[PDB]
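Here's the structure we're looking at; comments come further down.
2 protein chains.
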Amino acid sequence: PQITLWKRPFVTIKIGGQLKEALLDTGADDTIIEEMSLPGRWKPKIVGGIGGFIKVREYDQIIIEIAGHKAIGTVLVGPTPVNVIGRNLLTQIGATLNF
Amino acid sequence: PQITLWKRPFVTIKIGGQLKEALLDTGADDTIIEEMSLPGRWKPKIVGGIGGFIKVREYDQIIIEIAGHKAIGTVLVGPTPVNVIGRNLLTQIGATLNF
Ligand SMILES: COc1cccc2cc(C(=O)N[C@H](C(=O)N[C@@H](Cc3ccccc3)[C@H](O)C(=O)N3CSC(C)(C)[C@H]3C(=O)NCc3c(C)cccc3C)[C@H]3CCOC3)oc12
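Chains A and B are the protein sequences, given in the same order.
Quick note on numbering: the first sequence equals residues 1 to 99 in the entry's author numbering.
Quick note on numbering: the second sequence equals residues 1 to 99 in the entry's author numbering.
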């Protein structure tokens, strides 16, 4: 699709068998989701931005369907105020910024 | 242009006659730049990112060029880790997300 930016670009994602709303975020290196269960090993990570840093769990090789497009990559789980789809998965669904 | 997301989407901006690097950030409502001198009066704003909230200075009707595209709009100044071009100016230069 072509998504304009008059409002926050939220889409529906499917992850870990759950449906969630998440923000298509070109300023995010990584993908971070609110607290949820994911399968496999995880490692601790600290990520930061406006306001400071937060502690998350890093899960690798996770599949997320993003607005109907499947991908696989790392997903961070932690106290993010908003679910965010970052560049690591945006590249995989073929997303670009155009002007 | 068409900007891919394999690396951080930095572009060169011009503001106050000076060239700076700034991140094109669809996850940001607003545009926020590192401490610099801007003309006119400012108003207080609180913005909230991944790690909490921060206090910034809001300057209105600021002349800014984004990858050669001329814009005039609201610019926030505050302790941002990097310069961020948010949706208020992305919309003005006609940027969309496409996949
Ligand atoms: C409490 O906070 C909020 C609550 C509810 C809604 C919103 C919306 C916004 C918003 O747009 N916030 C902007 C923002 O910081 N947005 C960020 C995303 C976000 C959106 C909503 C809530 C929280 C974060 C930005 O797009 C980004 O990824 N930034 C801005 S600063 C940055 C370039 C380093 C990067 C970053 O945070 N990276 C951290 C990060 C993430 C998110 C994922 C994976 C790895 C890392 C390191 C600021 C910046 C200028 O306008 C206001 O905040 C909210």
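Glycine included, C-beta positions come from ideal geometry on N, C-alpha and C.
Self-check item: Residues that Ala-28(A) contacts on chain B, provided the C-beta gap is smaller than 7 Å
Solution: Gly-27
Exercise. May I have the straight-line CA-CA distance separating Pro-9(A) from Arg-41(B), to the nearest angstrom?
Key: When rounded, the distance between both Cα atoms is 31 Å.
Exercise. May I have the straight-line CA-CA distance separating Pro-81(A) from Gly-51(B), to the nearest angstrom?
Key: 9 Å
Practice problem: List the residues of chain A whose Cβ lies closer than 9 Å to the Cβ of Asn-98(B), in chain order. | Solution: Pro-1, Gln-2, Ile-3, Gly-94, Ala-95, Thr-96, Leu-97, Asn-98
Practice problem: Could I get the ranges of all uninterrupted alpha helix (DSSP H) runs contained in the stretch 12 to 99 of chain A, with 4 residues as the minimum, in chain order? | Solution: 87 to 90
Quiz item: Do the CB positions of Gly-86(A) and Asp-30(A) come within less than 8 Å of each other?
Solution: yes
Self-check item: Stretch-stretch touch, CB-based, cutoff 8 Å, three pairs: the stretch 21 to 28 of chain A with the stretch 14 to 31 of chain B
Solution: yes
Quiz item: Leaving out five residues before and five after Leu-23(A) in sequence, what residues of the same chain have Cβ atoms less than 7 Å from its Cβ?
Solution: Taken in chain order, the residues that qualify are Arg-8, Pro-9, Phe-10, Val-82, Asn-83, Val-84, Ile-85.
Self-check item: is_contact[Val-47(B), chain A] using C-beta, thresh 8 Å
Solution: Yes, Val-47(B) counts as interfacial toward chain A.
Quiz item: Quick one: does the C-beta of residue 110(B) sit closer than 7 Å to a heavy atom of ligand 1?
Solution: With chain B running from 1 to 99 in the structure shown, residue 110(B) is simply not present.
Practice problem: Verify whether the separation of the beta carbon atoms of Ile-33(A) and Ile-15(A) is less than 8 Å. | Solution: yes
Quiz item: Hey, would you say the C-beta of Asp-60(B) is under 7 Å away from at least one heavy atom of ligand 1?
Solution: No, Cβ of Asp-60(B) sits at least 7 Å from all heavy atoms of ligand 1.
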